[PDB]
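Here's the structure we're looking at; comments come further down.
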Amino acid sequence: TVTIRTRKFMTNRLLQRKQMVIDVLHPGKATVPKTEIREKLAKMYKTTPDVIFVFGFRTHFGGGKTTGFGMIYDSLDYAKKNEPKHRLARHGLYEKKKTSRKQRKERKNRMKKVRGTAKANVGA
Amino acid sequence: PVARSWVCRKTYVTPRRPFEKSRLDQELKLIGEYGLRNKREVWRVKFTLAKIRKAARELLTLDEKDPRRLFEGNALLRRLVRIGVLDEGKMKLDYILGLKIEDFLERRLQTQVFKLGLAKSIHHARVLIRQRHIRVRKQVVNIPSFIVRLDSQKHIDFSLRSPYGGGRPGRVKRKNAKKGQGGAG
Amino acid sequence: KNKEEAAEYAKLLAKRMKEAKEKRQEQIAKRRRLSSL
Amino acid sequence: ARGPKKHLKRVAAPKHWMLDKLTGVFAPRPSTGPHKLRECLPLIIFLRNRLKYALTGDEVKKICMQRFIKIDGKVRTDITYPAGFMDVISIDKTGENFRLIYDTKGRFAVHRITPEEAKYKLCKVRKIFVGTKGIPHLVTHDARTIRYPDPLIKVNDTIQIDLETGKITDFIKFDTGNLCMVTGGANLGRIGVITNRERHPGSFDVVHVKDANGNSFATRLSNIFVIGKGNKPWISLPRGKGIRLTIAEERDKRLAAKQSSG
RNA sequence: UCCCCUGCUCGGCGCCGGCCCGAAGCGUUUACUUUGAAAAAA
RNA sequence: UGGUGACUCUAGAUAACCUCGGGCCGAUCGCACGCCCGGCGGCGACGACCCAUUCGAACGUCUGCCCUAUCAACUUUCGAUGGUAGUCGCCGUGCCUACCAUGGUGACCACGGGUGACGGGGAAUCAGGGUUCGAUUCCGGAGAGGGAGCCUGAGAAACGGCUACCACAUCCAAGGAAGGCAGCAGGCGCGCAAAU
RNA sequence: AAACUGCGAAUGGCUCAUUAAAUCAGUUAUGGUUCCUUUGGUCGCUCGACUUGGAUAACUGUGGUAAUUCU
């Protein structure tokens with residue numbers, strides 16, 4: 004029974020994207036997850052639910068209102084180019100290297116330790 | 002260098018005399034009459050009215066037919082009318098000095114709930130505000146120091162998610178109904 | 201570009217010098233008029 | 002220090018850049034360009050905070066690598082390129098042009114212009130230089146070196162250049178009774194008519210400009226800018242037409258607009 | 001409340017060498033009084 | 001020719017110079033391709049002696065600094081003051097050399113000393129006048145134990161660059177080798193006093 | 001990958017020890033100098049090969065010192 008309204012809707016031909024501030028109405032219920040929001044934005048924009056990106060949902064005090072942002076693309080690759088990688092990882096389409104910064108910095112100093120082709124060998 | 006604010010100020014002032022009878026009795030009477038928590042709240046209201054009176058005296062010091070005096074006088078007069086402690090007939094700058102602290106305590110949310118007729122006593126009004134049962138224009142308030150406006154006095158009502166205003170029954174009612182159904186079946 | 205653009209500055213400088221010379225001629229003609237009257 | 006300064010803090014920025022106060026520690030220092038550090042508008046703050054096209058500082062450099070923004074008709078890939086006063090910003094994709102004219106307050110404001118207005122740009126000459134074998138040169142306020150003008154060009158008068166060829170079409174003589182633009186200081190963005198000019202030898206000269214409603218003010222000679230012959234301009238004015246109305250009249254028109262809107 | 005009790009080389013609200021007005025240039029210097037410019041942000 | 005309130009300004013002509021530890025006058029690269037009888041072309045990147053602009057930096061003008069007389073006179077052929085001619089410096093100039101005259105500041109507090117003194121935008125308190133603090137996030141200055149010297153580079157007397165000293169200090173087959181947390185965490189010492 | 005080359009490492013960060021017309025603050029000048037980069041100009045203006053030379057990296061192999069981002 005939740006409803007979605009639009010605000011500050013504007014398009015970017017030079018970014019091939021559409022930007023708007025969405026308003027979420029969920030009275031008597033907890034905060035709706037982003038997947039249902041994405042599927043509803045896919046419904047009212049007549050779009051496949053893969054280029055639909057939403058972020059930043061802050062809940063008001065009292066329940067019933069939650070202000071968020073939505074991002075609407077045209078195609079998959081044009082969405083994949085001009086996107087932050089963490090939203091792609093949230094959608095599951097990107098994977099980053101899993102190592103921590105301390106061993107990277109220590110391994111960089113171990114490449115500093117020697118010279119030559121063995122610089123790649125000492126870092127394993 | 003970090004990116005913070007570092008801006009804050011006090012909202013209350015401690016009086017110079019700590020122990021004398023008359024002002025202690027007057028503050029204690031005001032605390033009892035309007036159901037407030039401690040002396041810091043009435044000192045805060047006195048501090049705000051003192052700053053407003055100081056600004057009004059500074060505007061009345063400057064001579065007539067000046068742009069900044071008329072601009073700030075009309076701005077402060079419009080704000081003080083719209084907060085609900087003045088009348089449109091008394092639309093003058095020299096009547097700001099005649100105000101008292103009880104007029105500022107009239108527009109508090111606790112006494113407005115008590116005088117509207119949504120609670121029995123003013124302490125019942127305060128423990129109704131702190132309880133999150135009412136709303137002001139489709140949005141609940143929890144703080145008893147919610148100053149209201151002249152156009153916002155009519156729109157105050159019970160919240161949707163409250164058994165007093167129609168909604169889901171509370172914990173104790175559901176516990177007693179569960180106890181009754183356990184004793185019946 | 202250097203040759204052609206120098207050619208239009210040659211034409212413009214010649215026209216402006218001619219205009220200044222005839223203006224000075226009118227000025228000394230007015231000087232002779234006020235000296236003769 | 003031991004060399005040139007390279008970073009820039011948030012509150013060290015000029016007020017007309019006019020950002021917030023808590024989103025970071027550093028502000029975008031512009032790259033070196035035709036304008037000064039203080040009175041300029043970078044591309045990053047314009048695209049991020051005026052047209053609201055992009056939200057984040059990587060998106061604007063993605064735009065600049067996508068080659069969609071042109072300043073004075075040439076594609077600029079610099080993200081902190083200083084686009085100052087009297088500049089034309091052309092976007093080839095969406096098809097709109099922007100010209101930076103100061104409004105009634107001391108800040109830059111957007112001004113959507115026609116493409117037929119977007120092929121020219123005004124300049125103010127700083128000094129007249131004679132070249133090697135007697136070449137008359139130009140020193141404009143936008144660092145454009147022009148060779149061989151009309152010989153009537155003086156120190157103070159303004160010129161019109163064509164963006165494609167970089168040559169003078171027509172010029173406006175600096176005389177008493179021409180339309181005025183003020184750039185810098187307190188009086189910034191007021192449209193008036195130049196009335197009196199006084200010479201102070203050994204110091205800065207001061208002019209006196211009378212507005213259309215009868216208001217008069219004085220500015221220095223170095224901060225003057227002529228935009229029109231007589232009272233007829235050569236560009237399109239922004240909203241308000243450069244009056245600097247008082248805050249009481251602004252309050253009156255704001256409350257009238259709010260009462261009419263409801 | 002407001003107009004009046006500063007003088008000799010060039011030129012435009014206007015006329016038939018004559019009237020007036022306006023200007024590249026000048027008039028004992030100080031303090032003080034009033035206005036205007038510039039005087040970073042927080 | 002041109003401009004400034006002001007040139008020994010820019011420009012014009014003449015007679016030479018033009019430094020081999022030496023000014024310029026493209027022995028570079030990518031993409032898409034071509035027309036016309038081997039020659040002839042587009043859109044860029046990198047570099048370049050100069051010229052202006054931009055980020056500056058640097059040296060100067062006028063005015064404004066806490067306490068102290070149990071500090072009343074101070075500086076000077078070991079430059080203090082000025083002149084002239086120069087060295088050097090990126091330029092002005094005792095910045096420094098050679099020669100001259102005896103100058104320059106002060107009872108309107110110079111000079112000397114102290115500071116539990118970084119300066120300022122500021123903060124507390126506040127009828128009006130005032131008193132105290134400002135190590136502290138923004139600006140400017142100074143230093144990386146303390147003085148001294150230097151390379152590279154446009155810009156450093158740089159210290160997460162080098163070199164000499166002393167104080168301190170690591171490893172060591174005793175021959176030598178390697179350093180500066182007033183950066184982020186953390187340890188010792190210190191102290192009423194300050195975090196992963 | 002490694003390595004030669006050009007660039008940036010003189011920015012940022014911390015502290016207040018020295019310093020009392022010194023620093024700094026407002027107002028000025030460089031018509032008494034320098035200026036990486038960016039922007040714009042100049043780049044057949046001069047009257048006399050359809051592409052030149054030999055060295056070095058990286059690499060291979062042989063080594064020393066107890067030890068260094070040593071060679």
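Which chain is which? The protein sequence lines are Z, K, H and F, in order.
4 is the number of the first residue of the first sequence in PDB author numbering; add one for each residue after it.
2 is the number of the first residue of the second sequence in PDB author numbering; add one for each residue after it.
201 is the number of the first residue of the third sequence in PDB author numbering; add one for each residue after it.
2 is the number of the first residue of the fourth sequence in PDB author numbering; add one for each residue after it.
Cβ atoms here follow ideal geometry from the backbone N, Cα and C, with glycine treated the same way.
Boundaries (first-last residue) of the alpha helix (DSSP H) holding residue i
i: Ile92/F; result: First-last for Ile92/F: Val89 to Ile92, but that is the beta strand (DSSP E), not the alpha helix (DSSP H).
i: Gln106/Z; result: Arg104 to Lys116
i: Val114/K; result: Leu110 to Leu117
i: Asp253/F; result: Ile248 to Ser262
i: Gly74/K; result: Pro68 to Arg83
i: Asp26/Z; result: Counting along the chain, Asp26/Z falls outside any alpha helix (DSSP H), though it belongs to the beta strand (DSSP E) covering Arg20 to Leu28.
Coarse secondary structure for residue i, derived from DSSP in three states
i: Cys41/F; result: coil
i: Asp59/F; result: helix
i: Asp26/K; result: helix
i: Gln132/K; result: coil
i: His89/Z; result: helix
i: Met92/K; result: coil
i: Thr70/Z; result: strand
i: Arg51/F; result: coil
i: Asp80/Z; result: helix
i: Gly181/K; result: helix
i: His94/Z; result: helix
i: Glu97/F; result: strand
i: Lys215/H; result: helix
i: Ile228/F; result: strand
Own chain partners of residue i with C-beta closer than 8 Å, once the 5 adjacent residues on each side are dropped
i: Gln182/K; result: none
i: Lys88/Z; result: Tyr97 and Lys99
i: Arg255/F; result: none
i: residue 309/F; result: There is simply no residue 309/F to check, as chain F begins at 2 and stops at 263 in what is shown.
i: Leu28/Z; result: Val5, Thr6, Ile7, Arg8, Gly67 and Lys68
Inter-residue Cα distance where the pair is residue i and residue j
i: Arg39/F; j: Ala14/F; result: 8 Å
i: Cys41/F; j: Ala84/F; result: 6 Å
i: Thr62/K; j: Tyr54/F; result: 50 Å
i: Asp88/K; j: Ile135/K; result: 28 Å
i: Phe130/F; j: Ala210/H; result: 18 Å
i: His124/K; j: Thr105/F; result: 54 Å
i: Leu94/K; j: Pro68/K; result: 15 Å
i: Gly178/F; j: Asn197/F; result: 9 Å
i: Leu180/F; j: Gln67/F; result: 40 Å
i: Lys121/K; j: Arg20/Z; result: 57 Å
i: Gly185/F; j: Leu50/K; result: 42 Å
i: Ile154/F; j: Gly193/F; result: 23 Å
i: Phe64/Z; j: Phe147/K; result: 15 Å
Cut-off 7 Å between Cβ atoms - residues of its own chain near residue i, not counting five sequence neighbours on either side
i: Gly107/F; result: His17, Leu189 and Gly190
i: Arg150/K; result: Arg83, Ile84 and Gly85
i: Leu79/Z; result: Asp53 and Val54
i: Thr12/K; result: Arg45 and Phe48
i: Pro239/F; result: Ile102, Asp104, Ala110 and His112
Close-in-space but distant-in-sequence residues of the same chain around residue i (CB under 6 Å, 5 per side omitted)
i: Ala219/F; result: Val207 and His209
i: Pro170/K; result: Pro164
Heavy atom of the ligand ZN within 7 Å of residue i beta-carbon
i: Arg169/K; result: The ligand ZN is not part of the structure shown, which contains no ligands of any sort.
Unbroken beta strand (DSSP E) run spanning residue i, endpoints
i: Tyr121/F; result: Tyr121 to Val131
i: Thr170/F; result: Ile169 to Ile173
i: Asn197/F; result: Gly193 to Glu199
Task: Touch test, the region 205-218 of chain F against the region 34-53 of chain K, Cβ-Cβ under 8 Å, three pairs minimum - done: No: the two stretches stay apart, fewer than three of their Cβ pairs being nearer than 8 Å.
TODO: Assess, as a yes-or-no matter, whether the region 157-165 of chain F is touched by the region 104-118 of chain F under the definition of 3 or more beta carbon pairs within less than 8 Å.
DONE: Contact check between the region 104-118 of chain F and the region 157-165 of chain F: fewer than three CB pairs, one atom from each, fall below 8 Å, which does not count as touching.
- [ ] Count the C-beta pairs between the region 59-72 of chain Z and the region 19-39 of chain Z that are closer than 8 Å, then say yes if the count reaches three, no if not.
- [x] Between the region 59-72 of chain Z and the region 19-39 of chain Z there are three or more inter-stretch CB-CB distances shorter than 8 Å, so the stretches are counted as touching.
Open item on the list: Taking contact to mean 3 or more Cβ pairs, one atom from each stretch, closer than 8 Å, check whether the region 237-253 of chain F and the region 132-147 of chain F are in contact.
Closed with: Contact between the region 237-253 of chain F and the region 132-147 of chain F is absent: fewer than 3 CB-CB pairs across the two stretches fall below 8 Å.
TODO: Tell me, please, whether the region 96-111 of chain K touches the region 9-20 of chain K by the rule of three or more beta-carbon pairs shorter than 8 Å.
DONE: The count of Cβ pairs closer than 8 Å, one atom from the region 96-111 of chain K and one from the region 9-20 of chain K, stays below three, leaving the stretches out of contact.
TODO: Spell out a yes or no on whether the region 107-123 of chain Z and the region 3-14 of chain F are touching, meaning 3 or more CB-CB pairs, one atom from each, closer than 8 Å.
DONE: No, the region 107-123 of chain Z is not in contact with the region 3-14 of chain F.
- [ ] Mind the definition here: the region 89-101 of chain F touches the region 222-230 of chain F only if three or more C-beta pairs lie below 8 Å; say whether that holds.
- [x] Touching, no, given that fewer than three Cβ pairs across the two stretches are closer than 8 Å.
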